[PDB]
Amino acid sequence: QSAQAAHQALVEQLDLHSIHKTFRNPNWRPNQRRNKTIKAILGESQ
DNA sequence: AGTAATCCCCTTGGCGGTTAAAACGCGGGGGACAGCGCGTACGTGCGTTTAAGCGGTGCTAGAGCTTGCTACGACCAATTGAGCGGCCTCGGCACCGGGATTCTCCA
């Protein structure tokens, strides 16, 4: 149905995953557990 | 027939002591609890199919109610012995002591 095809076409148009970010450094990778909470970050004050 | 003194009994309260149980101090250990990483196991979403739910049809078991009477328990009076209150004693269980065996912990 055309409505569902247009919906997927819009979602494809909105998608960032289809986009290569030429400005990104391909080498650098984070520590995957960098997402500490404020509670945990304040726990580094000690 | 009533109300108060008299007398039994059994519960509450106090005093003394004695000693066994509660309170207090202190070192350390190890168990509570916060922190981290992972990974697997539970919540989510989709397509599938399965049968629970509804509207409808058919039957007969058996729940529920009445009738009729006689077998079985309620009630009473006379009989008696099984079961309770009181007294006795001796033997089971505790309590102690002492030597023997076990278990625990640091080496």
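Hydrogens, waters and symmetry mates are skipped; everything else that's a heavy atom, side chains included, is used. Proteins get letters first, then strands, A, B, ... in listed order; numbering begins at 1 in each.
Contacts of A:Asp15 classified as side chain to side chain donor-acceptor pair (under 3.5 Å), with partners at least two apart in sequence or in another chain: A:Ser18. Applying the salt bridge (charged side-chain N to carboxylate O under 4.0 Å, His left out) test to A:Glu12 and every residue at least two apart in sequence or in another chain returns nothing.
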Intra- and inter-strand pairing of DNA chain B, written as dot-bracket with Watson-Crick and G-U pairs under 3.5 Å and | for the latter, reads ...........................................................................................................

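If you take atom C1' in B:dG17 and the same atom in B:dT89, they sit 36 Å apart, rounded to whole Å. A distance of about 27 Å separates the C1' atoms of B:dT102 and B:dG30, rounded to the whole Å.
Although no hydrogens or angles enter the test, the distance criterion places no donor-acceptor pair under 3.5 Å between the side chain of A:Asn31 and the main chain of A:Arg33.
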Between side-chain atoms of residues 37-46 of chain A and protein atoms elsewhere (two or more places apart, or another chain), which donor-acceptor pairs fall under 3.5 Å?
unit_1, atom_1, unit_2, atom_2, d
A:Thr37, OG1, A:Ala40, N, 3.1
A:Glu44, OE2, A:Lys36, NZ, 2.7
A:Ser45, OG, A:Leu42, O, 2.7

Distances for protein N or O near nucleotides 35-40 of chain B N or O, under 3.5 Å:
unit_1, atom_1, unit_2, atom_2, d
B:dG35, OP2, A:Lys39, NZ, 3.0
B:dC38, OP2, A:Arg33, NH1, 2.8
B:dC38, OP2, A:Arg33, NH2, 2.7

Between the protein and nucleotides 44-47 of chain B, list every N/O to N/O distance that falls short of 3.5 Å.
none

